Amino acid sequence: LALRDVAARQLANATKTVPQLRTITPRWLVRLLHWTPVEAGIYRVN
Amino acid sequence: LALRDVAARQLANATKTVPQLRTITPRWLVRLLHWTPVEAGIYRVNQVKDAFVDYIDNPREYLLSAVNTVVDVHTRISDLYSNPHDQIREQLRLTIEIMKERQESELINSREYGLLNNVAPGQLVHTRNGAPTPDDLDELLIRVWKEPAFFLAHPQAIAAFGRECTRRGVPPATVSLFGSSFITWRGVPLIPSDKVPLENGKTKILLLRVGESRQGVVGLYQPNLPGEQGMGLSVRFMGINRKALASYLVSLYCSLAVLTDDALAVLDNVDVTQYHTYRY
Amino acid sequence: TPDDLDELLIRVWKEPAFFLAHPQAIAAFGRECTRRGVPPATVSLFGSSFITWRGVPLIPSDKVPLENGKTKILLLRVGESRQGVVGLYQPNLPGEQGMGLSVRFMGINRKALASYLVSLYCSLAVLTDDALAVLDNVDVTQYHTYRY
Amino acid sequence: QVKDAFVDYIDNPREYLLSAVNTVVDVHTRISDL
Amino acid sequence: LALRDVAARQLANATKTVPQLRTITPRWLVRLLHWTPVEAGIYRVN
Amino acid sequence: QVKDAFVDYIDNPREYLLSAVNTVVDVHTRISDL
Amino acid sequence: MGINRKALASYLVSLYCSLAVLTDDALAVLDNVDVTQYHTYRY
């Protein structure tokens with residue numbers, strides 16, 4: 001009988017990932033539009 | 001009468017090839033996956049709960065599994081017959097080829113990890129008629145609409161899909177990858193693999209998104225190994241026994257994680273034995 | 001028909017290189033494709049155009065036998081590293097006018113005829129048995145009647 | 001070849017012997033000279 | 001069970017000797033004689 | 001070998017296979033250490 | 001020598017030799033020598 005796997009695993013680091021969110025979408029529309037800046041929050045289209 | 005051909009051939013060298021193994025496959029899936037290293041054999045995948053932002057308190061942990069093979073070579077066989085081909089080198093080469101074929105089969109078919117067992121409910125599609133028509137692959141592309149990478153199917157399933165396309169007017173497009181040609185549907189290629197199960201017809205088709213940054217499927221290996229003949233692979237000398245047998249240990253450490261449940265979909269109950277009768 | 005070439009591509013699924021057929025067999029395959037809605041894709045090799053199916057080209061060769069129709073179609077994987085089909089030649093020859101080819105002077109006879117010997121050494125090895133498949137019993141004499 | 005593909009080899013592998021084909025080309029010396 | 005000797009021997013070169021002729025003798029007499037050259041095939045002993 | 005010594009060779013020459021002999025030498029580690 | 005219609009290449013090997021006894025007392029021959037006699041040693 002030798003050292004076990006769980007007992008040996010008590011001395012090991014796990015690789016932890018950042019939390020995964022399944023509702024993330026590629027959001028293509030935001031990538032496809034052209035964005036113009038509005039200096040003070042008002043945009044008049046003549 | 002002059003010198004014969006057989007008598008003259010007694011003085012000639014033959015060109016000997018290394019042994020040929022017919023079970024070697026291109027193993028596309030291992031080439032297509034992304035592999036992330038796991039420092040100490042444990043990989044925890046944390047998740048947002050019910051996606052304030054909360055995390056689940058019991059995330060799944062993936063433990064890398066070990067597979068071993070002992071390669072025994074008599075010392076007289078390697079001592080005497082190692083010119084021009086090394087005997088131990090070829091023995092270990094063929095062993096590692098067989099082991100990597102088994103590794104691909106387990107990446108597809110294992111019961112702990114393995115794509116065909118870790119597919120979420122709602123990501124499983126069924127065929128409408130049995131043959132893999134284009135509508136079924138469009139269903140699959142609905143499930144993995146985000147950024148699909150490839151289809152995985154038996155070569156006979158790919159031939160069945162081609163026959164269905166030819167019954168319609170559609171010639172599917174073709175692309176070249178790794179110097180080889182593959183069939184594509186809506187831009188996502190169909191990859192062959194004889195490791196996808198096939199029993200009396202009735203195979204399956206998979207659609208994968210791969211990559212850690214896209215929250216897709218990733219392979220897991222052990223980065224630093226004694227021996228270290230490759231990615232997650234080690235060869236070590238075991239010793240010599242009383243009968244002059246030298247033994248070598250070949251170890252392969254691997255696993256597979258599906259990071260989010262919409263990264264993989266499976267089309268089930270695919271029939272590959274249907275042929276159309278063309279009558280005009 | 002395209003289903004037969006898909007069967008061939010099943011047998012040599014690993015890394016097929018090309019189809020080999022008589023030019024009349026290629027024309028018959030084209031007629032079958034045209035009966036379906038499929039126009040097969042075309043590629044350019046060695047400055048010449050060839051018909052392809054699923055990315056594997058159809059190569060013409062009048063040396064493939066043809067007897068009252070009834071030809072054959074082959075699918076090959078070539079290469080030593082891929083365990084495919086390889087040709088074999090004799091590298092160093094006296095004369096040596098080419099790959100496995102030699103020309104040598106034989107002499108002059110009493111009638112003032114000078115003779116030359118041309119020798120060609122060759123062979124062929126299929127390294128693994130799944131590197132080559134043959135579609136048998138191919139008929140090239142069938143034409144469709146289009147009625148609308 | 002690997003047998004029945006431990007790893008064993010077949011003891012009677014196929015050997016390919018290169019074949020020779022010949023052709024004698026005769027040219028009159030007056031035809032080449034003139 | 002492991003690799004056989006004949007199967008492993010299929011990958012080995014044999015050392016081939018040049019053919020051996022048993023009728024070769026040391027031919028001492030030719031070694032012991034003195035040889036004089038004859039310019040045009042005729043030798044007159046006066 | 002030359003056959004019946006034109007010059008012909010025998011088509012079944014003798015081949016000599018080197019033989020291996022082995023001996024296992026066991027030494028206690030305390031005997032060599034001390 | 002050349003090559004024939006059956007692709008046989010031929011080579012000619014020629015050896016020119018002779019032997020002269022310059023004076024007649026340079027050579028002597030012992031004739032009728034028997035090599036099949038063995039002595040029986042009895043003491």
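Refer to the structure printed above.
The following paragraphs examine the structure supplied in this document. (Residues numbered from 1 in each chain as written, not as in the entry; some residues may be left out. Chains lettered and ligands numbered in written order. Part of a larger assembly, values for the part shown. Heavy atoms only, no water.)

### A closer look at the overall build of chain C
Summing up its helical and strand segments, chain C has two helices and nine strands in all. Along the longest, intermediate and shortest principal axes, the C-alpha atoms of chain C span 75 × 40 × 30 Å. Put simply, chain C has 148 residues, and 42% of those count as buried. Here chain C displays about 8300 Å² of accessible surface, and carbon together with sulfur accounts for 54% of that area. Each charge class in chain C was averaged separately, 15 positive and 14 negative side chains, and the resulting centres sit 8 Å apart. (Helix = DSSP H or I, 4+ residues; strand = E, 2+ residues; numbered from the N terminus. Buried < 20%, exposed > 50% of the residue type's maximum accessible area, 1.4 Å probe, protein only. Areas by Shrake-Rupley, 256 points an atom, 1.4 Å probe, with all protein chains shown as cover. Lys, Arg positive; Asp, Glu negative; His and termini not counted. Charge placed at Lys NZ, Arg CZ, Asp CG, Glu CD.)

### Describing the overall build of chain G
Check the secondary structure of chain G and you find zero helices and two strands. For chain G, the spread of C-alpha atoms along the principal axes amounts to about 75 × 35 × 15 Å. A buried classification covers 2% of the 43 residues belonging to chain G. Of the roughly 5100 Å² of accessible surface on chain G, 55% is carried by carbon and sulfur atoms.

### Notes on the sheet that holds strand 9 (residues 132-138) of chain C
Backbone-to-backbone hydrogen bonds pair the strands of a sheet. The strands run either parallel or antiparallel. Residues and elements named next belong to chain C. Ordered by their spatial adjacency, six strands build an open sheet running 2-3-4-1-5-9, and the pairing between neighbours is mixed. With one partner strand each, in any of the chains shown, strand 2 (42-45) and strand 9 form the two edges of the open sheet. On average, adjacent strands in this sheet sit at an angle of 30° to one another, irrespective of strand direction. Bridge analysis of strand 5 (residues 71-76) against strand 9 gives five bridges, and the strand direction is antiparallel. (Pairing = 2+ DSSP bridges. Axes fitted to C-alpha atoms, helices over the stretch in contact; angles between N-to-C directions.)

### Some points on the environment of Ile56 of chain B
Positionally, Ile56 of chain B belongs in the loop between strand 2 (42-45) and strand 3 (60-63). Aside from chain neighbours lying at most four places away, what touches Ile56 of chain B is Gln47 and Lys49 of chain B. (Contact = heavy atoms within 4.5 Å.)

### What to know about the pairing of strand 3 (residues 48-53) of chain C
Remark: a regular strand shows side chains that alternate across the two faces of the sheet. Residue and element names in this part refer to chain C. Of the strand pairs in this sheet, strand 2 and strand 3 are connected by four bridges, and their pairing is antiparallel. Its bridge partner being in strand 3, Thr42 is matched across the sheet by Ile51. If you look at the hairpin formed by strand 2 and strand 3, you'll find two residues sitting between the two strands, and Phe46 has a positive phi there, around 55°. Pairing analysis gives three bridges linking strand 3 to strand 4 (residues 56-60), with the strands arranged antiparallel. When the bridges of strand 4 are listed, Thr52 appears paired with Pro57. Connecting strand 3 to the next strand, strand 4, in antiparallel fashion are two residues, including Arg54 with a positive phi near 55°.

### Topic: the interface of chain B and chain D
Counting residues at the interface gives eleven residues for chain B, matched by six residues for chain D. With both sides pooled, the region where chain B packs onto chain D buries about 760 Å², and carbon together with sulfur makes up 69% of that total. Per-residue buried area on chain B facing chain D is highest for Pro19, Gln20 and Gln91 of chain B; these three make up 44% of the total on that side. Run the count over chain B and chain D and you get zero salt bridges. No other element matches the five residues that helix 4 (residues 87-109) of chain B contributes to the side of chain B that touches chain D. (Buried area = accessible area lost by both parts, 1.4 Å probe. Salt bridge = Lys/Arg side-chain N within 4 Å of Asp/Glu carboxyl O.)

### Focus: the arrangement of the chains
Comparison of the eleven pairs of chains in contact shows the highest number of contacts for chains B and C. No interface is formed between chain A and chain C, the nearest pair of C-alpha atoms being 32 Å apart.

### A few points about the environment of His154 of chain B
Take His154 of chain B: it is sitting in the loop between strand 6 (150-153) and helix 6 (155-167). C-alpha of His154 of chain B to C-alpha of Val196 of chain B: the two residues are 42 residues apart in sequence and 5.6 Å apart in space.

### Here's the deal with a nonpolar patch on the surface
Among the surface-exposed residues, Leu29, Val30, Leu33 and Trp35 of chain E together with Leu19, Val21, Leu27 and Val29 of chain G lie close enough to one another that they form a single nonpolar patch of about 830 Å² accessible area. As for its placement among the helices and strands, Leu27 of chain G is situated in the segment after strand 2 (9-10). (Patch = residues over 30% accessible without salt bridge, like charges linked within 9 Å, V, L, I, M, F, W, Y side chains within 5 Å.)

### A word on the packing of aromatic side chains
Scanning the entire structure with this criterion turns up nine aromatic pairs over all chains. With a centroid separation of 5.6 Å and 75° between ring planes, the pair formed by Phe29 of chain C and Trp53 of chain C is classed as edge-to-face. Within this pair, whereas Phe29 of chain C is found in helix 2 (residues 23-35), its partner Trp53 of chain C is found in strand 3, the two being separated by 24 residues in sequence. Among the aromatic side chains, those forming a connected cluster through ring pairs are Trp28, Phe178 and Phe182 of chain B. Just above the ring of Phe178 of chain B sits the side chain of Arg31 of chain B; from NZ or CZ to the centre is 5.1 Å. (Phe/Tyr/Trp six-rings, centres within 6.5 Å; stacked < 30°, edge-to-face > 60°. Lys NZ or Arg CZ within 6 Å of the ring centre and 35° of its normal.)

### Re the nonpolar core
Residue and element names in this part refer to chain B. Counting residues in hydrophobic clusters, the biggest one holds 28 residues, and the most contacted among them are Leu29, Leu107, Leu206, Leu208 and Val217. With four residues, the single largest contributor to this core is helix 2 (residues 28-32). When near neighbours in sequence (up to four residues on either side) are disregarded, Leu208 contacts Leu29, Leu115, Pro148, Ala149, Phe150, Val217, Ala263 and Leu264. In this structure, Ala157, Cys165, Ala265 and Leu267 belong to the second largest nonpolar core, which totals 22 residues. (Core = buried A, V, L, I, M, F, W, Y, C linked by side-chain atoms within 4.5 Å.)

### Remarks on the sheet that holds strand 1 (residues 15-16) of chain A
Within the open sheet, the three strands sit side by side as 1(A)-2(B)-3(B). Their pairing is mixed. If you trace the sheet from one side to the other, it starts and ends with strand 1 of chain A together with strand 3 of chain B, each paired once. Alignment of strand 1 of chain A against strand 2 of chain B, held across two bridges, turns out to be parallel. Residue pairing across strands places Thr15 of chain A opposite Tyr43 of chain B, the latter belonging to strand 2 of chain B.

### Focus on the interface of chain B and chain C
Each partner contributes to the interface: chain B provides 25 residues, whereas chain C provides 22 residues. For the pair chain B and chain C, the summed buried area comes to about 2200 Å², and 58% of that belongs to carbon and sulfur atoms. With its nearest N and O atoms 1.5 Å apart, the salt bridge here joins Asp129 of chain C to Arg22 of chain B. For the pair chain B and chain C, the number of links is seven residue pairs in polar contact. The set of elements that each furnish at least two residues to the side of chain B that touches chain C consists of helix 6 and strand 8 (180-185) of chain B. If one sorts the elements of the side of chain B that touches chain C by residue count, helix 6 of chain B sits on top with six residues. (Polar contact = N/O pair within 3.5 Å; in protein donor to acceptor, adjacent residues only side chain to side chain.)

### A look at helix 1 (residues 2-11) of chain C
The buried count for helix 1 of chain C comes to seven of ten residues, which makes it a mostly enclosed element. For helix 1 of chain C, the set of buried residues is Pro2, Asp3, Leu5, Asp6, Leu8, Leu9 and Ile10 of chain C.

### Some remarks on the pairing of strand 8 of chain B
Residues and elements named next belong to chain B. Across the six residues of strand 8, five count as buried, placing the element largely inside the fold. As defined by bridge partners, strand 7 (residues 174-177) adjoins strand 8 across four bridges and the pair is classed as antiparallel. Residue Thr174 lies in a different strand from strand 8, and its bridge partner there is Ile183. Relative to strand 9 (residues 188-192), strand 8 is paired through three bridges, and the arrangement is antiparallel. Note that in strand 9 the partner of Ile183 across the bridge is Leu190. Here strand 8 folds back onto strand 9 in antiparallel fashion, the turn holding two residues, of which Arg186 has a positive phi close to 55°.

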